[PDB]
Each structure stands twice: as C-alpha cells, then as structure tokens.
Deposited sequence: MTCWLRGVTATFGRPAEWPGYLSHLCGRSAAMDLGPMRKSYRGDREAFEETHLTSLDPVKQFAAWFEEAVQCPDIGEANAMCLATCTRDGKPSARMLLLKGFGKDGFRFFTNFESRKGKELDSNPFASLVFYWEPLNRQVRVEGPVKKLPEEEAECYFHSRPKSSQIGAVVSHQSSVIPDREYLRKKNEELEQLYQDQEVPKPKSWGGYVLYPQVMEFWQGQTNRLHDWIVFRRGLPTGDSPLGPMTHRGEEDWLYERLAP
C-alpha cells in the first residue's frame, strides 16, 4: 500500500523515528522537551514544560514532585496530554492517555542515576512552595551539599514519576503551502470502519484530518 508517508503503523514506533531525527538535529537542544497538560476534576487546565524520560510500549515516562501542582492534579485526575513541538522540523506530536504513577523502586533507581547536584536540588527545592528570594535556595543547596558529601541523597518521599499510556497519538507536519499533513491514531474497538479509516498495528486505528 503506497502509504501515507509514515515509517511505522505503530504510533510509538513512529514517534521513535521522529524523535531520533530531532535528537540528531543541531538546532534542537531539548528534543525530549514536552508540554504536559493536566486539569482538576472540575475542568480547570494547566500546562508546563517537561522532559520526557524514557518511553516505549508501557508509555511515556516523566518525573516530578507528587506535591507539585501537576502531581496533585494527576493524582486526583489520572488523565494527561503531551505536546512535542520541534520548530526546526515544523513537526508536532500529541499524546493523550491515562496516567499511572511509577513504582517507588524504579523512581529510586532513576533518582540515584541523576547527577548528585540534581538529586540534592530535588531535596532543597520543596517544589511549588513559596520562598523569600533566590539566595534562600543557594543557601539550602550549599548546606545539603556538605551534608551529603560522600553520601547518598535519599529520594524525597514525594518525589517520583508517571507514565502516560498512549490512547491517542497525533502527528502534524507543517508544509510550506499550508496544506499540513496530520494523522491521528486512536485505539478503537470494531475488531467495520470508515472508508478513510485505516488499520494500525494492535488495536490502533488511524486516519488523516484536514489541517
């Protein structure tokens, strides 16, 4: 089938190829940078930049302080959305799915893998809490350094990670002539579908949408 213009009928394997091309682009510094959208049960959205830390069949992984705004929103409403935008390539990737907090064990393993300065940073910074000035931090940070000198920084109880499980993945490719390519993968049932709806690996269904 002279196909669409994709590399894989697997949304995650497609993200991979696009992600690698981004990593290999000199003009993109943080290719794993993504904007995470979350909201309260009520319907009040929020969004902030984040770094994607590992991905695959299980989903997209990221870490934060469970007590940060995003944490308190994901825990009281396990639904999130991700947006990857790589301007140099004019590409955008959107991921929608339910979030599942990670196992404290894995978080721990990943935590101690970070640079000591990043670990210490996660302890002084009671993320999302109010403070007096930028020095307050420079100070605490300094103190905890001498404290944990030749020591293991314990992973804050409230520090961990989540993994988004891909329910909907979109691929956008800006074109010069404005007729942007746009394919949406979504997991449907009808194991019996639209004329323009096509079969993707697993229970994946894709189709092109008007830009």
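Chemist: List in ascending order the stretches of the deposited sequence, numbered from 1, that lack C-alpha coordinates.
Modeler: According to the deposited record, C-alpha coordinates are absent for 1 to 47, 239 to 241, which together make up the missing parts.
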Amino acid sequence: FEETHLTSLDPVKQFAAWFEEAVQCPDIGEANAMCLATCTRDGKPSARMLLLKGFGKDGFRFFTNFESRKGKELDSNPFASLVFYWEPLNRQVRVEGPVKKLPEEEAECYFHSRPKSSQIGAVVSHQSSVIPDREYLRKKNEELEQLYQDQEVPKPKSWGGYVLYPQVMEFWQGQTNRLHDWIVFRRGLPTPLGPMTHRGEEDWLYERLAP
From here on, numbers count along this sequence of modelled residues.
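Chemist: Could you check which stretch, 46 to 54 or 140 to 148, carries the larger mean CA temperature factor in the entry?
Modeler: Per the PDB record, 140 to 148.
Chemist: Mean C-alpha B-factor higher for 124 to 132, or for 82 to 90?
Modeler: Averaging CA B-factors over each stretch, the winner is 124 to 132.
Chemist: Given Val168, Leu179, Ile183, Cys35, identify the residue with the highest C-alpha B factor in the PDB entry.
Modeler: Within the set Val168, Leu179, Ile183, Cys35, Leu179 shows the top C-alpha B-factor.
Chemist: Where does the C-alpha B-factor of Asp203 rank in its chain, lowest, middle or highest third?
Modeler: For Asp203, the deposited C-alpha B-factor lands in the highest third.
Chemist: Taking the entry's C-alpha B-factors for this chain, is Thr197 in the lowest, middle or highest third?
Modeler: Highest third of the chain for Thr197's C-alpha B-factor.
Chemist: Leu6: which third of its chain by C-alpha temperature factor?
Modeler: Highest third - that is where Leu6 ends up once the chain's C-alpha B-factors are sorted.
Chemist: What third of the chain does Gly174 rank in for C-alpha temperature factor, lowest, middle or highest?
Modeler: Tercile = lowest for this residue's CA B-factor.
Chemist: Would you mind ranking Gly29 by its C-alpha B-factor against the rest of the chain and naming the third, lowest, middle or highest?
Modeler: For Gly29, the deposited C-alpha B-factor lands in the lowest third.
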